Amino acid sequence: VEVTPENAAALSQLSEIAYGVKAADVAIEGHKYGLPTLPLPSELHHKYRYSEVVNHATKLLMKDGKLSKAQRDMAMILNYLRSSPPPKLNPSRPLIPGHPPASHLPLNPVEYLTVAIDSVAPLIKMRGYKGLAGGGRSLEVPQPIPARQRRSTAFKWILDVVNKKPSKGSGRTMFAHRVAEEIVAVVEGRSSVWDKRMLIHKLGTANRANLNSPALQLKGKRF
Amino acid sequence: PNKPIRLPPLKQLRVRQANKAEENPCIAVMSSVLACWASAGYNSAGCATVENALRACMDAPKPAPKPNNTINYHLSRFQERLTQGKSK
Amino acid sequence: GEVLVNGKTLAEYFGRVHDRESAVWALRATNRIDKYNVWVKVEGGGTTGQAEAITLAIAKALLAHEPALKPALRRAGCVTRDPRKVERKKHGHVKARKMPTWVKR
Amino acid sequence: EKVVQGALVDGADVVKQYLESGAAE
RNA sequence: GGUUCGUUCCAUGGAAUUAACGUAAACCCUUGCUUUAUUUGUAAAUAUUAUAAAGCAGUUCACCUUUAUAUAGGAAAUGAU
Ligand SMILES: [K+]
Ligand SMILES: [K+]
Ligand SMILES: [Mg+2]
Ligand SMILES: [Mg+2]
Ligand SMILES: [Mg+2]
Ligand SMILES: [Mg+2]
């Protein structure tokens, strides 16, 4: 079954219009090689070409408007995660539900990063009301936070643990590999950020009753 | 039992909050999440569902506000006719 | 699909792959990199400034050949002209908006 | 020629099948 | 009493009708487009960068919602532009 032009597109199911062999009529249809199907995938917008988490985490590495450097660092992080052995999940630190098995993370470094950030990200934030808990003390009350605020707090914890670690080697991969190693320690449950996540969750459970405190509902109603 | 009194002359007859200031529909969901952590623990698996519901809150858009209630306009029309007068 | 920028190739000119993809994003979004040859001539600005300038240039030139692609270039973000510009320096300010240290006492 | 011979490489499907074929332990 | 970025606009008051200033408008730079001009700027050119005179342009249209039926508002990378 030797293929030839007169039967290539017919037997291969490829569109001759897409290849320009038999273009359309521009004077009638307006196009020459077919119209892209709408709506377009989000990744085709030049301002949203990168993943939401990757693009968000990259600009957190940026300093002094050096986005090109932070973009190469994120490329080194995803390259390190792609060459590291599959992680060993810890039952004590259950990752976000619905995540893929550990065997799939290495070849999918973007999900490796996403699963890590979305797993240690807290679910609540502690806001304080000035002078409503007693003798000048504040009334701390938990509140939920959107995704961008959850990922931002998580990845900033990771960078805080990274900057405090000592130097290991030389070259252009120092900071990149040092961050990637912390991303792996998070998925394996042996990282230090898990303590900061549980520490803020305790404050939420220890103050879940302040949502209806008498002070928060008697500001100026005791004339 | 007596009947409602006839209000005395007021400067203005109106309700403070015309539209019901409904509460954030997810502050109740968070309380459920905080309730599981107190009974089942933080890193437990039972609370794995409520957490997904909490994450579903902020990913959804905020419902738009309702049009203003015209109650105060009609209260101001019938003030003098419904009360003992209007204070100056 | 040959692209030249000021005589130099696309890789010999932009030393940042992010800028290369943005310069020919219109052709990429519509999947027509291999259908046209572009000969760009840019001037002024910087690396990213010129890259985004070529994005709009090729998009307009592309619509001259296939006018039925504007709905697609819309959702790709290659038809809009970004008017953002550096704000001038203002007297009494260290920069466009940065103010000097204010001493209360 | 490749589509007929089934030689057209697609990195997306290559990784998917490898992960679903239990070959990644 | 509503509404608006706004003493903005609408309605209304057993007292109001108007003026000035601020506000607003307009102006300068900037954005898209039209016409004019082509050296000392422009690779070429059937004129497209730049240069600079004048003019036009938006919350305009579409969609959705809309009180007292009087004055409107919302949606924001997947309506147009
Ligand atoms: K500057
Ligand atoms: K001009
Ligand atoms: Mg270097
Ligand atoms: Mg009046
Ligand atoms: Mg003014
Ligand atoms: Mg000359």
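State to the nearest 20 debye the size of the charge dipole of region A:44-134 about its Cα centre, where the only charges are +1 on K and R beta carbons and -1 on D and E beta carbons.
Rounded to the nearest 20 debye, it is 340 debye.
Counting only Cα, what are the radius of gyration and maximum Cα-Cα distance Dmax of chain A, in Å?
Computed over the Cα atoms of chain A, radius of gyration and Dmax are 25.9, 95 Å.
Can you give me the convex hull volume of the Cα atoms of region A:59-131, divided per residue and expressed in Å³?
130 Å³
Evaluate the relative contact order of chain A (contact order divided by residue number), counting alpha-carbon pairs under 8 angstrom at least 6 apart; express in whole percent.
18 percent
Round to the nearest 10 and give me the degree value, 0 to 90, for the angle of helix B:48-59's Cα axis relative to the longest principal axis of chain B.
Computed tilt is about 50 degrees.
Once you charge only the Cβ atoms, +1 for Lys and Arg and -1 for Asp and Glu, what is the size of the charge dipole of chain C about its Cα centre, to the nearest 20 debye?
So the dipole magnitude of chain C works out to roughly 1060 debye.
Restricting to Cα pairs below 8 Å that are 6+ residues apart, what does the relative contact order work out to for chain B? Please round to a whole percent.
Once normalised by length, the contact order is 58 percent.
Find, among the trypsin sites (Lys or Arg not before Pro) in region C:42-95, those assigned to loop by DSSP (not H, G, I, E, B) with at most 14 other beta-carbon atoms within 10 angstrom.
C:81, C:84, C:85, C:88, C:89, C:90, C:95
Helix A:67-83 versus the longest principal axis of chain A: what angle, 0 to 90°, nearest 10, using Cα atoms?
80 degrees
If the viscosity is 0.692 mPa s and the temperature 37 °C, what Stokes-Einstein diffusion coefficient in µm²/s follows for region A:94-142 when Rh is the Kirkwood radius over Cα pairs?
This corresponds to a translational diffusion coefficient of 242 µm²/s.
If you line up the long axis of helix C:47-65 against the longest principal axis of chain C, both from Cα atoms, how many degrees apart are they, to the nearest 10?
Taking Cα atoms only, the helix is inclined about 40 degrees.
Are any of the pairs A:47/C:60; A:125/A:221; A:125/D:16; A:168/C:98; A:59/C:98; C:8/C:60 more than 30 Å apart by Cα-Cα distance, and if so, which?
A:125/D:16; A:168/C:98, as the Cα separations exceed 30 Å there.
At a threshold of 8 angstrom on Cα-Cα distance, excluding pairs fewer than six apart, so keeping six or more, what relative contact order does region A:1-105 reach in percent?
In percent, rounded to a whole number, it is 10.
Quick one: plug the Kirkwood hydrodynamic radius of the protein assembly as shown (C-alpha pairs) into Stokes-Einstein at 20 °C, 1.002 mPa s, and report D in µm²/s.
In µm²/s, the coefficient is 76.
Can you list the GluC sites (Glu not before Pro) in region C:1-80 that are in a DSSP coil and have 11 or fewer other beta carbons within 10 angstrom?
Sparse-neighbourhood loop GluC sites (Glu not before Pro): C:2, C:43.
Within chain B, what is the number of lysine pairs with alpha carbons under 23 Å apart, leaving out pairs fewer than eight places apart on the same chain?
Here the count comes out as 5.
Taking the C-alpha atoms of region C:1-78, how large are the radius of gyration and the largest Cα-Cα span, Dmax, in Å?
Looking at region C:1-78, its Cα Rg and Dmax stand at 11.7, 33 Å.
Ignore the peptide's own chain and count Cβ atoms of other chains within 10 Å of each Cβ in A:22-33; give me the average, rounded.
Across the residues of A:22-33, the mean count of other-chain Cβ atoms within 10 Å is 3.
Over 29 Å between C-alpha atoms is what I'm after, so list which of C:35/C:70; C:41/D:2; A:32/C:41; A:69/A:165; A:66/C:85 land there.
Those over the limit are C:41/D:2.
Throughout, read-outs are computed from the coordinates displayed, never taken from laboratory work. Note: ideal-geometry Cβ built from the backbone for every residue, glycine included; neighbour counts use all protein chains shown.
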